[PDB]
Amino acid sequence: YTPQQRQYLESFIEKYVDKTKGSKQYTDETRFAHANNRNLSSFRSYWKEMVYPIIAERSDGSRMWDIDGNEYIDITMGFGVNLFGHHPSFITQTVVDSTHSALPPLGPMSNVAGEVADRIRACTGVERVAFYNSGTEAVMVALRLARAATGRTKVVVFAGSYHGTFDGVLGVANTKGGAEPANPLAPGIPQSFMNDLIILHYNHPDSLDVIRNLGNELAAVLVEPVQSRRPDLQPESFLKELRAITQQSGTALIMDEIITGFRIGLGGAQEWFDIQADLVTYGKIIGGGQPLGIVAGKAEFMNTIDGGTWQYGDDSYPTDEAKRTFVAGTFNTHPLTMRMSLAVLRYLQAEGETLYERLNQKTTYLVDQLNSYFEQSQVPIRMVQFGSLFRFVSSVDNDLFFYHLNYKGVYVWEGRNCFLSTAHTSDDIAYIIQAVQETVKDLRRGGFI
């Protein structure tokens, strides 16, 4: 560093830590008893005096407060969960109605689950819908069904994608590339789990030309339609060639709409692109803040959860039993979760396509303005967008950038997927843009461009 950068930092770290000395102690007091991989977030040794996450205390709409009192405008929003802001109207009415009503328990099946399923079909045009407890868990079911129906084993995922924390998708592509199998992403993930895994560059036509050369050997091909990491990239022609090649080869197309489902537009990325996959997995938003994973899609694949549907009065039976796999789970169809998932759908289905339209425009307000600021100031940053999911792209040292954003009361988190919601007022939208520009000026005066 120059003498200028060192004394900017050795001075900002001072102002930051004093603003967040609540979270610093609480992370420091609880770091051992609470094992969380988020405590090491953005760890460099020369600013170690400010590496702790923000311990939040309250939230309401688009405002989140920490235990220091500080107020944040939230572009984190539960990693994608709170499309309607924190504690919206209909949601706590559901939560407040649970106290008044002697809710039913786990154990017996759910009287609400049938409705939640029909409305998901309504909004997305899938045939059958199951319920599990995380996106991780839903993705892991999805692979099992597709593997259970095709009776094959090898599956393809694309680098860049995220898909939960199920061991069978935690790979990196092969040293040899091509169609050769994946190697583990980290310690403790055994190679044996990677052998039925194949990884290919997404938006690389060479790889559509290897899904063909596997052709019949492929159980399923898992795709993050738009990748959380790279919202700007939304390849309609890649996916659609992929749809042709999988339906041609009898291979499952699995679409991961845990982030885009119910975000870009009611029908998810299925409605956007107008592509209908074999299996689609949903998460985050659809639980209304209760934990929730869902795997839905075509009956011809979904029939592996219960062997096939039947009716009363005749001699009919589940014809696919020789193909039904094993799926279980204690908190599946949770009573309160299944009811908040109703609130969300009944609200979303009422307020029309103009709930999404209004929110995509104001997210595009943000992306468009912030980028014009970046251009007429030659400042080397860019906003990328898909729906109300935006991110920052920048050769400028990222972690130091988002430290200022956090300082200035805009709570972005460590993955940096920032989201708007329908809770973000014009005050709020402007306050983000002011916080970005205050930052570029703070940071350029300190000589960091």
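Residue numbers here begin at 1 and follow the sequence given.
Asks: In the PDB record, does 376-384 or 25-33 carry the higher mean Cα temperature factor?
Replies: Per the PDB entry, the higher value belongs to 376-384.
Asks: Please compare 112-120 with 136-144 and name the stretch with the higher mean C-alpha B-factor in the deposited structure.
Replies: Mean C-alpha B-factor is greater for 112-120.
Asks: Taking the Cα B-factors listed in the entry, which of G160, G267, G289, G177 comes out highest?
Replies: Each of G160, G267, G289, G177 was compared by C-alpha B-factor; the highest is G177.
Asks: In terms of CA temperature factor as recorded, identify the highest of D167, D74, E217, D306.
Replies: By C-alpha B-factor in the record, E217 ranks first.
Asks: Could you tell me which third, lowest, middle or highest, the C-alpha B-factor of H404 occupies within its chain?
Replies: Answer is middle: the recorded C-alpha B-factor places it there.
Asks: Sorting by Cα B-factor within the chain, modelled residues only, which third would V126 end up in: lowest, middle or highest?
Replies: Its C-alpha B-factor, which the entry lists for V126, ranks in the highest third among residues of this chain.
Asks: Quick one: classify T354 as lowest, middle or highest third of the chain based on its Cα B-factor.
Replies: It belongs to the highest third of the chain when residues are ordered by C-alpha B-factor.
Asks: Lowest, middle or highest third of the chain for the C-alpha temperature factor of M50?
Replies: For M50, the deposited C-alpha B-factor lands in the highest third.
Asks: Based on the deposited C-alpha B factors for this chain, I'd like to know if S59 is in the lowest, middle or highest third.
Replies: Middle third of the chain for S59's C-alpha B-factor.
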